[PDB]
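A closer look at the structure
This is what each chain is made of:
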Amino acid sequence: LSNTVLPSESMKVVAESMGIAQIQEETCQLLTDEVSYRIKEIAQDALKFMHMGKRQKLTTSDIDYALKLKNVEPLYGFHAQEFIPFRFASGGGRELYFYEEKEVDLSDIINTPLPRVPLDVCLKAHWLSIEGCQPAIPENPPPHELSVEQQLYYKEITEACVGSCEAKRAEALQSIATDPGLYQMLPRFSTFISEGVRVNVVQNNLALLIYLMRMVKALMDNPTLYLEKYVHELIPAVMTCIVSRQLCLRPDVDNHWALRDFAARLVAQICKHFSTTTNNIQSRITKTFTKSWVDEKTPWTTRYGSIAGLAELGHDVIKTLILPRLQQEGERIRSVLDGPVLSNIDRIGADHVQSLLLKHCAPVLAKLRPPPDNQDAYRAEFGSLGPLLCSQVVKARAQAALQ
Amino acid sequence: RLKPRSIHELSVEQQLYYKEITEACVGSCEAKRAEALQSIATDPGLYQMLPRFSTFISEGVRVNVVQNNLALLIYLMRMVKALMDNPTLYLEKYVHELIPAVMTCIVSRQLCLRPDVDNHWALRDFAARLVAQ
Amino acid sequence: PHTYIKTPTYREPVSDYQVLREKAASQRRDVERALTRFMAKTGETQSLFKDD
Amino acid sequence: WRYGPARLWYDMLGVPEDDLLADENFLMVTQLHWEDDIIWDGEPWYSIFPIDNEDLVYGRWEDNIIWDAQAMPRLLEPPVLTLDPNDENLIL
């Protein structure tokens, strides 16, 4: 890309060593390009010796062989073992580096003890591999802070969460409910649940999310711990399970729908415990369910979670949101009745949405309709809510007989 | 990595002022209660202290349900009227807490002898019905 | 003044040495007890009292 | 943090780093039954709390939840935790 040459100022310093007071700028450039070109030619020749005779260290001897090949005089003292010495003095605003070589007595060199004699070259035979993988021989190559008790307990809780042992998880949930001193571990617990939900988007596993939801429920069970400070982290993680388009790798095979109602119930329970009028946590939660259900071109699983959430938060919440969108259920049923592919997963998802919708509609419909509910079917879209309302009226009569 | 301690949005002096208004509202002195009602009506700054005021009335009402305090209940209704009249505060946002408290006062059984407190009981029901509508 | 007055006061930390010592001791005892009980539930155990 | 809380999820990854929309519709009064709330002497203690978590008071937690798996603003990330502790009744 860009050629590299020694600095022109360095060439001027060499001219000053020669005793030439003034050197032309072109002359400095002319000197540097030629010397660098010679350096590259010697370096490539030394590299050829280094490749031909295995070394890889670019030893000084290879450079000396290159100097002999050029026919230029060999440099002296480089073969002798030495270290790189640079000494810098600012002085009168002048930058210079010097060897500062020390002086040694000749007798001292004689005094130094003789080094060990070098061994003559020998050949050793060993099996690198025997009919397969290498055998194991020496010649072959061998290959704010949690308390110590709290950290050990937290590690045990994480092992219960993985699901390696169901019994360990059950004991942990019972212990969490009965443990007064969960302080300083509560931020860690909330972080663990949120990170597991983040793992779910990358790899969809229904079981892992169910384990996390049970862990959140255990925290709610224990009165001594307070989640009001850590509730903000928990609400998105629980919400993600309710409105995720895919909760499992295979939607039809795994019953993610059962988790969606449970996750919606958990979100309703968590908001109720720490609800504040200024925070309006329930109002935001109702709005998120309403926007997802109202939006068109939304996956059935997300819509199913939204319908379940509105019912869990309150009976009144179903009356305000479900009754206006009852007409949508009739439009959805038309898609279930007629579709290009019978086996399509979307029809099964719409059918799950239909069953949840009619069940939620029946208590509100029974309140707004007479016990016979003859006209309830006409009021309902496709009559699904009206049939459910008639069943709800029969259930109410059975409850009255029981009482 | 400790974060700096969070501070309440309401000014400490404003919280002290809210405490003084609630003490006047208890009805121990008629003049203090009347002054507190006038202050709530004429103070724009009183807005944003309404959640604390609504909670204080609700806590007083629930204790009043356990042992009837009809005279105290009437004083709490006077505070409720003062909060409702002031324009700056959003009464509708905190109305959900207020409605159960007014309903319980109207239907509450009288622990005190009925003839002695009958005049107060009729006034308490009249105040509750007006605020509820 | 209160209508336009603004006063900032930070949350006050407990200034009692006794309460701080009690809080640390109580939390440590509860967490260590919870860990030992959980280990006994998930591990083979020997009881000083028979069937206990 | 790789070695911080929720490390087990990081270990699994193996990462090497370190009309209905009206405000009135959602109003609490519409969604709450008043008579149930009253104790009515049948067989609280709040708003005296020092402060409410600031992130909850105005923070939009709604953005974090992912509506569609196929399209995401961000994919899996190291997501190092803030590791900042607050709350009350704390030794430090």
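Right above here is the structure, for reference.
Reading the values: the criteria
- Residues numbered from 1 in each chain as written, not as in the entry; some residues may be left out.
- Chains lettered and ligands numbered in written order.
- Part of a larger assembly, values for the part shown.
- Heavy atoms only, no water.
- Residues with missing side-chain atoms left out of burial classes, pairs and counts.
- Helix = DSSP H or I, 4+ residues; strand = E, 2+ residues; numbered from the N terminus.
- Rg over C-alpha atoms; globule rule 2.2 N^0.38 Å.
- Buried < 20%, exposed > 50% of the residue type's maximum accessible area, 1.4 Å probe, protein only.
- Areas by Shrake-Rupley, 256 points an atom, 1.4 Å probe, with all protein chains shown as cover.
- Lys, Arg positive; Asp, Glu negative; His and termini not counted.
- Charge placed at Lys NZ, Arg CZ, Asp CG, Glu CD.
- Contact = heavy atoms within 4.5 Å.
- Nonpolar A, V, L, I, M, F, W, Y, C, P; charged D, E, K, R; others polar.
- Patch = residues over 30% accessible without salt bridge, like charges linked within 9 Å, V, L, I, M, F, W, Y side chains within 5 Å.
- Salt bridge = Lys/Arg side-chain N within 4 Å of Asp/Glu carboxyl O.
- Buried area = accessible area lost by both parts, 1.4 Å probe.
- Core = buried A, V, L, I, M, F, W, Y, C linked by side-chain atoms within 4.5 Å.
- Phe/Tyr/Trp six-rings, centres within 6.5 Å; stacked < 30°, edge-to-face > 60°.
- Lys NZ or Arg CZ within 6 Å of the ring centre and 35° of its normal.
- Axes fitted to C-alpha atoms, helices over the stretch in contact; angles between N-to-C directions.
- Parallel < 35°, antiparallel > 145°, perpendicular 65-115°, else oblique.
- Left-handed = near helix turned anticlockwise from the far one by under 90°.

Some words on the overall build of chain D
Along its length, chain D carries four helices and zero strands. Principal-axis analysis of the C-alpha atoms gives chain D an extent of 60 × 45 × 25 Å.

Remarks on the overall build of chain C
The helix and strand tally for chain C stands at one helix and zero strands. Computed over C-alpha atoms, the radius of gyration of chain C comes to 23 Å, more than 25% over the 10 Å expected from 2.2 N^0.38 for 52 residues, which places it beyond the range of a compact globule. Each principal axis of the C-alpha distribution contributes one length, and for chain C these read about 75 × 25 × 15 Å. Taken across its 52 residues, chain C has 10% of its residues classed as buried. Accessible surface computed for chain C: about 4,700 Å², of which carbon and sulfur atoms make up 53%. Considering chain C, the positive charge centre built from 10 side chains and the negative charge centre built from 8 side chains are found 6 Å apart.

Quick word on the interface of chain A and chain D
Contacts between the two partners involve 50 residues from chain A, matched on the other side by 44 residues from chain D. Counting only elements with at least two residues in the side of chain A that touches chain D, the list comes to α5 (148-162), α7 (186-202), α8 (206-221), α9 (231-243), α11 (281-294) and α13 (315-322) of chain A. With twelve residues, α11(A) is the single largest residue contributor to the side of chain A that touches chain D. Taken together, the residues of the side of chain A that touches chain D break down into 21 nonpolar, 19 polar and ten charged.

Observations concerning a nonpolar patch on the surface
A grouping of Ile84(A), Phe86(A), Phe88(A) and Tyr97(A) is seen on the molecular surface, where their side chains present a nonpolar patch of about 490 Å² in accessible area. Within the secondary structure, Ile84(A) sits in the loop between α3 (60-70) and β1 (87-88).

A look at the side chain of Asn200(A)
Positionally, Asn200(A) belongs in helix α7. Each residue touching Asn200(A), except ones within four places of it in the same chain, is listed here: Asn205(A), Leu209(A), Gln246(A) and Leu247(A).

What to know about the interface of chain C and chain D
With five residues of chain C at the interface, the matching set in chain D holds five residues. Buried surface at the junction of chain C and chain D, summed over both partners, amounts to about 460 Å²; 57% is from carbon and sulfur atoms. Between chain C and chain D we count one salt bridge in total. Salt-bridge contacts for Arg11(C) lead to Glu88(D); the nearest nitrogen and oxygen are separated by 3.2 Å. Split into classes, the residues belonging to the side of chain C that touches chain D amount to two nonpolar, one polar and two charged.

Quick notes on the nonpolar core
Membership of the largest hydrophobic core comes to 79 residues, with the highest contact counts inside it found for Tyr153(A), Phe189(A), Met213(A), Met239(A), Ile285(A) and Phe289(A). Dropping the residues within four chain positions of it, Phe289(A) is found in contact with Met239(A), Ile242(A), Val243(A), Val267(A), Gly305(A), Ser306(A), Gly309(A), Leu310(A) and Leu313(A). Formed by 32 residues, the second largest nonpolar core is a distinct cluster that contains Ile40(B), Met49(B), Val61(B) and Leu73(B).

Side note on unusual backbone geometry
All names here are of chain D. Residues other than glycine seldom take positive phi values, yet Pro 79 does so here, at roughly 55 degrees. Relative to the helices and strands, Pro 79 resides in the segment after α4 (54-58). A positive phi angle, near 60 degrees, is found at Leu 83, a position not held by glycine. Summarising the element assignment, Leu 83 is placed in the segment after α4. Under the relative-accessibility criterion, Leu 83 is labelled partly exposed at 28%.

Overview of the packing of aromatic side chains
Considering all chains together, one arrives at ten aromatic pairs over all chains under this definition. An angle of 85 degrees between the planes, with centres 5.8 Å apart, marks the rings of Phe86(A) and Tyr97(A) as edge-to-face. Of the two residues, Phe86(A) sits in the loop between α3 and β1 while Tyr97(A) sits in strand β2 (residues 97-98), which places them eleven residues apart along the sequence. Between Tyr153(A) and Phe38(C), the ring centres sit 5.9 Å apart and the planes meet at 85 degrees, which makes this aromatic pair edge-to-face. With one member in each of two chains, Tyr153(A) in helix α5 and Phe38(C) in helix α1 (residues 17-42) form a pair that bridges those chains. Among the aromatic residues, those joined into a ring-pair cluster are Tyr154(A), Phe189(A), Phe192(A) and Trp9(D). Just above the ring of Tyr211(A) sits the side chain of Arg169(A); from NZ or CZ to the centre is 3.7 Å. One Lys or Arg, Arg325(A), reaches over the ring of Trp293(A) and ends 4.7 Å from the middle of that ring.

Some remarks on the pattern of salt bridges
Opposite charge on two side chains permits pairing when their charged atoms draw close. Applying the stated rule across the entire model yields 28 salt bridges over all chains. Ionic pairing is found between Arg28(C) and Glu32(C), a salt bridge with its closest N-O pair at 3.1 Å. A residue pair is termed a helical-turn pair when its members lie 3 or 4 positions apart in one helix, as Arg28(C) and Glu32(C) do in helix α1 at four residues. By relative accessible area, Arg28(C) is classed as partly exposed at 40%. Taking relative accessible area as the criterion, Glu32(C) reaches 22% and is therefore assigned partly exposed. Bridged by salt links that share partners, the residues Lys155(A), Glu156(A), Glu159(A) and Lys168(A) form one connected network.

Focus: the packing of α9(A) against α11(A)
All names here are of chain A. Taken N-terminus to C-terminus, the directions of α9 and α11 make an angle of 25 degrees; their axes are 12 Å apart at the nearest point. In terms of axis orientation, α9 runs roughly parallel to α11. Crossing handedness for the pair α9 and α11: right-handed. Residues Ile 235, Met 239, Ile 242 and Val 243 of α9 form the contact with α11, whose participating residues are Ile 281, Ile 285, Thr 288 and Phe 289. Partitioned by chemical class, the residues of the contact of α9 with α11 number seven nonpolar, one polar and no charged.

So, the environment of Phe49(D)
Tracing the sequence through the fold places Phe49(D) in the loop between α3 (34-37) and α4. According to the relative accessible area criterion, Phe49(D) is buried, its value standing at 16%. What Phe49(D) contacts, discounting residues up to four positions off in sequence, is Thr276(A) and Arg52(B).

Digging into the environment of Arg245(A)
Within the secondary structure layout, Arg245(A) lies in the loop between α9 and α10 (256-274). On the basis of relative accessibility, which here comes to 28%, the residue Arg245(A) falls in the partly exposed class.

Topic: the packing of helix α1 (residues 12-25) of chain B against helix α3 (residues 50-66) of chain B
The description of two helices packed together rests on the angle between their axes and the distance between the axes. Residues and elements named next belong to chain B. At their nearest, the axes of α1 and α3 sit 11 Å apart, and the two run at 35 degrees to each other. The element α1 and its partner α3 pack so that their crossing is right-handed. Contacts between α1 and α3 involve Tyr 18, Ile 21 and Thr 22 from the first element and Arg 52, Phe 53 and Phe 56 from the second.

None of the figures reported here should be taken as evidence of function without further support.
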